[PDB]
Amino acid sequence: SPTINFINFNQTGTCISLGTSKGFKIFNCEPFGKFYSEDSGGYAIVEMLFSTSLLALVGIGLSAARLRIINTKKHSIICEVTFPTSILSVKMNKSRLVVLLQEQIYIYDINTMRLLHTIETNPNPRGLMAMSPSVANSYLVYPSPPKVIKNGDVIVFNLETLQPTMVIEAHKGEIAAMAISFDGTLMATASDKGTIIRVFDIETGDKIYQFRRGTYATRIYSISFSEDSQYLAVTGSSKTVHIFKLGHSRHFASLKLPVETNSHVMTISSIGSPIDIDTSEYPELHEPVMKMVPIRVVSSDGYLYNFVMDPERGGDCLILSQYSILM
Amino acid sequence: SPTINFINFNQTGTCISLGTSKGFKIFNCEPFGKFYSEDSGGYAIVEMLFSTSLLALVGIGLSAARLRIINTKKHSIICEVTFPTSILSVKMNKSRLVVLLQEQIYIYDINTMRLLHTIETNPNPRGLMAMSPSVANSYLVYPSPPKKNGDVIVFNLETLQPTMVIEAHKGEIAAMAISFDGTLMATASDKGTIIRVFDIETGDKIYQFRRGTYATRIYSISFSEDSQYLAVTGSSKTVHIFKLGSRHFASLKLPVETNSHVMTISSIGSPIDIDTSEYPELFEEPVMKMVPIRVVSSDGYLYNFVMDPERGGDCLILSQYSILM
Amino acid sequence: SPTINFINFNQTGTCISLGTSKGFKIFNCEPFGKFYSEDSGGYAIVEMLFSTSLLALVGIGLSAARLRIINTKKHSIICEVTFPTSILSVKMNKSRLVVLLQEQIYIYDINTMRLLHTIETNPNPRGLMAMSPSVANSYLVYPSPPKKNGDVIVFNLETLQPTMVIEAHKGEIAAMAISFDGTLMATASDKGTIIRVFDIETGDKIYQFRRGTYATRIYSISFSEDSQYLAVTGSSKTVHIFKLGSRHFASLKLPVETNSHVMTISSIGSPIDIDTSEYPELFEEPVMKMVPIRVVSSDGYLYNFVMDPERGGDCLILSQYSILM
Amino acid sequence: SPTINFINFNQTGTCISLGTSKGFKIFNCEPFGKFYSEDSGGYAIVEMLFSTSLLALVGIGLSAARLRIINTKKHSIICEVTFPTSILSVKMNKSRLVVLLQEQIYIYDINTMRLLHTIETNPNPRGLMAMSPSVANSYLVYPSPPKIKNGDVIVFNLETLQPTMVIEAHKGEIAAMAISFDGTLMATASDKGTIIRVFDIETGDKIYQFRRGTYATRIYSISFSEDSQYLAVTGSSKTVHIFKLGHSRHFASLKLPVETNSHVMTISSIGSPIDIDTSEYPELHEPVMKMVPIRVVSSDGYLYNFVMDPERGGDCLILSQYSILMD
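Chains as they are written, first to last, in the deposited numbering: chain A, 5 to 65, 70 to 156, 222 to 321, 409 to 445, 458 to 499; chain E, 5 to 65, 70 to 155, 223 to 320, 409 to 447, 459 to 499; chain C, 5 to 65, 70 to 155, 223 to 320, 409 to 447, 459 to 499; chain D, 5 to 65, 70 to 155, 222 to 321, 409 to 445, 458 to 500.
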């Protein structure tokens, strides 16, 4: 079992990208399967578009600075670009491509692949961004800390016109995680203490909802919206995943992984559209079928966990099944 | 407690073959006991014939490519054979020995050890094959993906020629098994919701079963000795039973306290009599006919369940013994 | 007159490929003439595509194992590939290149020249196959004798996977052919009395024809372009015609003065019009439509017969041209 | 095309044995096919029983002296017998095994394989023999030249291992001899091949006398039909004559195609009458009439099929032609 260095969903949440120390793999979610794989080398960044057989591959250090775009269906190379320093994050929509270094942001047109803009920002060792995947509201947000209280300043940048729109005074402390909804309407931010989750409306700039997370301060790994912006998912070092309902404070529903799971695991999640599930097979505790929101939680140890949430009841969520990635 | 790497029944379901990173062990089912053990090294595949003191040893990486056949009664080594790639699966009957690799299938005569035929197949990353254990209808079935996804090649080991090709499923095949008499074949798709049972002689689809209301992958399928029941184990920690006389006939619910990071297989035995007086709390006619079901998981526990042949339903657990100890 | 070693039509029946003990020749059918010739050496297998200046060269023993692909217009060699055993047969379509050995079948991409797949088959000492020349329905068939005698494996060249197995005949297979569109299949046993036509899509027996009242082995089978007629050639110095619309439709009787130590192949072409004025002495309307039939024999003579699509019966002979001269 | 050194039918005429310079082959007649083959080396004598998977192989020199008997179904060796001199002929029935050297005849029991008898005969450079294949009338006949009394033949009974009578067959040396299937008759011919005589082995009286050809020419082999109706002689004239024993001049004659090389050994056999379709074959009409089939194989490696009209006789039509080498 080789070590894995990178996991993320696609922009719709129906696929899996993964990077090992020996290669990368691509999975699927509902009819689970292994679409692609190569045992080329160490990969640190494997990001995919809305299917479409387009990938961004960054070597473990193929150096960490180099970025390679590969079409998996054609097994060809669209392009190859180098950077002076190691790449920290890569994100895409169907219009723009963004590469972030520790102090620089590069924006590329996805089609022509020519460089469009460059932003000189204050250092971001954590490689934090958030990209709206829709071209109607294509926005990029990146933190702007003072260069050495106003440490949690974030810059709202419009990719369409390549000009910033506004500056949001998000938090007092440094930003730890950022997420933009599918339509590019909302943005959610998390401080380094992970106690307060704040979501802002990107066009107006007003803070709409504020969530309290857990009991004591602890690190936050990632944030992600639902497809319909109904729920927000956060995962932290407490080995617990919280769901906040944006249909409008305290977390709406909580995901407790099995006890045998290691505590030192990076956990990312995703929320899918509600589906029909049979209550005859699963004693939820009864009509034969009821809609339950499926949640997929893949951890850095290499396992996938499927949960269901009742939108009215909420509460602690039942776990249906567990696969094992890399097997 | 060393980690285990291989767990499997024998061709009759009356034994447990288990190989650890330190050695291998051979158990029994009804009179539970430790028949044999050796602390030699890491073993990846330990396959046994119908008792008869015959074993096949595959090293964890003894390499994974190398295959060794030993006799436990005489403590001797029959032969050793190497392969260009890692060994993925091995199955045996009283006439033929077959070794499956990533893209090749090797067929051996179990008596002489001479090579008989080699099949060039499209890649099988899951190491999937199924063998009829009876020499009367000695068949081999393996999937044929395109290089039309669930094509299964019914290969006749008796004359070393394929017999027919069945379009089993539209998607990838996940698990295949052949009955004890070699008459029927069962397969499950990669989405693990529909079970299809084929007549290996003609290829007609006979039975179709529903299972796995949500996305729970199917791992293993097994027939009973009389082929009356079909057992499917998935990743949902629940085992379904289908009757070959649609909806499942009976279900197995492992206790919740068990480790969830486990791989579970199962096998159904011939009906036996159980004593009520031995079990005062649960299951309380001094003796009743109940079909025994044995489920072993990778965490090292053997579970015994019993089902009422008429009522079915959720099955009780009589016992839970501890392998590796 | 150096002895010839190989005779074959092209995939359409409008050309002649012939190989001598001294070189190879390429003829034509309707305007009979010598298209090409080379005095290089002995050639045992000369196969041509649909014109396109592409040839397959196999040495007599260039050895029998080596295969050379040459372009006659550019006078250059595309590639040369060797094989462990002697080459038994070669067939082509516009997308795939197939080389058959005694126990193996090699499949190549006719464009990239890269090896695609290799099939392990039971020994075929006669070098038998049949290949569909149309890329749309590119199917390959080859016999599968036991190591159940007339089993032929239907192999899909497009996806490189077998599709189905048909129990063609109870005895050993003697000759096979596939129509131009790759839809139908024809087989003949070693008895030479029964001709069976199969549908590749389903596998059903479509037609059954009677032939060869005595022991005359069948040598070659060929479909017409429109698949209206099927011609079989044997060792009896007679060629029968069957209509795919029981008893044979028409028959060809070679002249008695010809050599008897001959192997004749045939290929039925598209119907054409013949001039009656050119032939006053035989067959006496100025012109009438007549289906041409071309029979070339190993003695070095090409024959042209014509059959009336309504009357059938014995076919008149128009011309007898001398190949190799 | 390898050089072939030996061709013989089985005792029933339904099979073909053959030996090349590289190995031996076994064919069949009605459903023609290659039952067996073996690429060992030069084989000089290949004799077979009534099918039953029993063969006798004599190497060209496996020296010419050595005799090896093999079961082809089991691919095993029964026994090997060595002799001081080269073997000239071997014939079998389901009871006895006979080995001829130039001056010695050895008789073995086919079952227990123990030696039974040995006859010291005057030299036979041509290795001539005729052996009855039926155990009810197991007889052996061999020539007895002096050391005018040249064509004397010794009638030897294999059952009791004693000579029965001496036949004063011909004035000159005997050239060929054969016995009917039931062991009742015997036919011999002198080295001139002008007179064919038939003697009854029971009494010794000459029954039939046939004239063959006009000028003295060599004779290769003589063979009866299975029903003892006809007798077949083959010679250097590239022509095969058939004499009707239902009772002088040959009843019907077989002419090979003119292309055939004239320096070819030819052995023939007559089969049981069967039905043929006159609709397909313009015999020049009832749809079917019974035609007696004759199979003629030549040393060049070809087989010829003729048909004989028992009433009309005359020159026989030829239906088909194969190749025994290659296929």
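Beta carbons are placed, not taken as given, at the ideal position from N, Cα and C, and that holds for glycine.
Can you name the residues that DSSP bridges to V227 of chain C?
Looking at the DSSP assignment, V227 of chain C forms a beta bridge with C:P151 and C:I241.
Is there a Cβ from chain A that is less than 8 Å from the Cβ of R271 of chain E?
For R271 of chain E, the answer is no, since every Cβ of chain A falls outside 8 Å of its Cβ.
Short of 8 Å in beta carbon distance, which residues of its chain neighbour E88 of chain A, apart from the five on each side in sequence? Order them along the chain.
Contacts found: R74, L75, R76 and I77.
With distances taken from CA atoms, which of E:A243, E:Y289, E:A290 and E:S21 is nearest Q283 of chain E?
Checked all of E:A243, E:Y289, E:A290 and E:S21; the closest Cα to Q283 of chain E is E:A243.
Assign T120 of chain A to one of three DSSP states: helix, strand, or coil.
Here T120 of chain A carries a coil assignment [DSSP, helix/strand/coil].
Where do the ends of the beta strand (DSSP E) carrying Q283 of chain E lie?
Note, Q283 of chain E: beta strand (DSSP E), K280 to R285.
Nearest neighbour of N119 of chain D, chosen from D:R104, D:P151 and D:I428 [CA to CA]
Per the Cα distances, D:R104.
If you measure between the beta carbons of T308 of chain D and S414 of chain D, is that distance less than 8 Å?
Contact flag unset, no.
Going by DSSP, what residue range makes up the beta strand (DSSP E) through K26 of chain A?
Note, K26 of chain A: premise wrong, no beta strand (DSSP E); not H, not E.
Supposed contact pair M251 of chain A and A144 of chain A - C-beta distance, whole angstroms, cut 8 Å
Contact flag wrong, Cβ pair sits at about 20 Å.
Are the segment 478-488 of chain E and the segment 13-26 of chain C touching by the rule of at least three beta carbon pairs closer than 8 Å?
Touching, no.
Would you say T238 of chain C faces chain E, with C-beta separation under 8 Å as the test?
It does; some Cβ of chain E falls within 8 Å.
With H, G and I counted as helix, E and B as strand and the rest as coil, what does DSSP make of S440 of chain C?
Helix.
Checking contacts by CB at 8 Å: is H244 of chain C closer than that to chain D?
Cβ-Cβ to chain D under 8 Å: no for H244 of chain C.
Cβ-based neighbour list, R410 of chain A, same chain, cut-off 7 Å, excluding 5 preceding and 5 following
Listed in chain order, the non-local C-beta contacts of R410 of chain A below 7 Å within the same chain comprise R285, local neighbours out to five positions each way being set aside.
So the beta strand (DSSP E) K463 of chain E belongs to, where does it begin and stop?
From DSSP, the beta strand (DSSP E) with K463 of chain E extends over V461 to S471.
In whole angstroms, what separates the C-alpha of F10 of chain E from that of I428 of chain E?
Rounded to whole angstroms, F10 of chain E to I428 of chain E spans 11 Å at the Cα level.
Which residue wins for smallest C-alpha separation from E42 of chain D, given the options D:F36, D:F31 and D:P35?
Distance from the Cα of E42 of chain D is smallest, within the candidate group D:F36, D:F31 and D:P35, for D:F31.
Cβ-Cβ distance between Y475 of chain E and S496 of chain E below 8 Å
Taking 8 Å as the cut-off, the beta carbon of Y475 of chain E is found closer than this to the beta carbon of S496 of chain E.
Assuming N132 of chain D and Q110 of chain D make a contact with CB atoms under 8 Å, what is their CB distance in whole Å?
Indeed they touch by this definition, with Cβ atoms about 6 Å apart.
Between the C-alpha atoms of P153 of chain E and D256 of chain C, what's the straight-line distance to the nearest angstrom?
Note on geometry: alpha-carbon atoms of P153 of chain E and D256 of chain C lie some 26 Å from one another.
Is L235 of chain E close to chain C? Criterion is C-beta to C-beta, closer than 8 Å.
Answer yes: the Cβ-Cβ gap between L235 of chain E and chain C drops below 8 Å somewhere.
Identify, in the order they occur along the chain, each residue of the same chain with its Cβ nearer than 7 Å to the Cβ of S299 of chain E, setting aside the five sequence neighbours on each side.
Closer than 7 Å at the Cβ level, and outside the excluded window around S299 of chain E, lie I431.
Could you check if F36 of chain E is buried or exposed, using at least 16 other CB atoms within 10 Å of its CB as the buried criterion?
In the assembly as shown, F36 of chain E is an exposed residue. Its beta-carbon has fewer than 16 other beta-carbons within 10 Å.
Between which two residues does the beta strand (DSSP E) carrying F39 of chain D extend?
Note, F39 of chain D: beta strand (DSSP E), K38 to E42.
Since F412 of chain D is in the beta strand (DSSP E), which residue starts that stretch and which ends it?
Careful: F412 of chain D lies outside any beta strand (DSSP E) and carries neither H nor E.
For the beta strand (DSSP E) holding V272 of chain C, just list the boundary residues, first then last.
From DSSP, the beta strand (DSSP E) with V272 of chain C extends over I269 to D274.
Chain E contact residues for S493 of chain A, given Cβ-Cβ distances below 9 Å:
Going along chain E in sequence order, the residues near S493 of chain A (Cβ under 9 Å) are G287, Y289, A290, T291, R292, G309, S310, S311 and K312.
Between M260 of chain D and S254 of chain D, what straight-line distance do the alpha-carbon atoms span, to the nearest angstrom?
As the crow flies, the alpha-carbon of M260 of chain D is around 7 Å from that of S254 of chain D.
Can you find the residues in the same chain that come closer than 6 Å, C-beta to C-beta, to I64 of chain D, ignoring five residues on each side of it along the sequence?
Around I64 of chain D: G46 and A48.
Could you list the residues in the segment 122-134 of chain C with a C-beta less than 9 Å from some C-beta on chain E, going in chain order?
For the segment 122-134 of chain C, residues whose beta-carbon sits nearer than 9 Å to a beta-carbon of chain E comprise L124, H125, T126, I127, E128 and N130.
Strictly under 8 Å for the Cβ-Cβ distance: is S409 of chain C near chain D by that measure?
Under the Cβ distance rule, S409 of chain C does not count among the residues neighbouring chain D, no pair being separated by less than 8 Å.
Do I437 of chain E and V425 of chain E have their CB atoms nearer than 8 Å?
No, the pair does not count as a contact, with Cβ atoms beyond the cut-off.
Note down the Cα distance separating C33 of chain A from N14 of chain A, rounded to an integer number of angstroms.
Put simply, the backbone Cα of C33 of chain A is about 11 Å away from that of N14 of chain A.
Name the DSSP bridge partner or partners of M426 of chain E?
Residue pairing of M426 of chain E in beta bridges, as defined by DSSP: absent, with no partner found.
What would DSSP say about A72 of chain C, mapped onto helix, strand or coil?
When DSSP states are grouped into helix, strand and coil, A72 of chain C belongs to the coil group.
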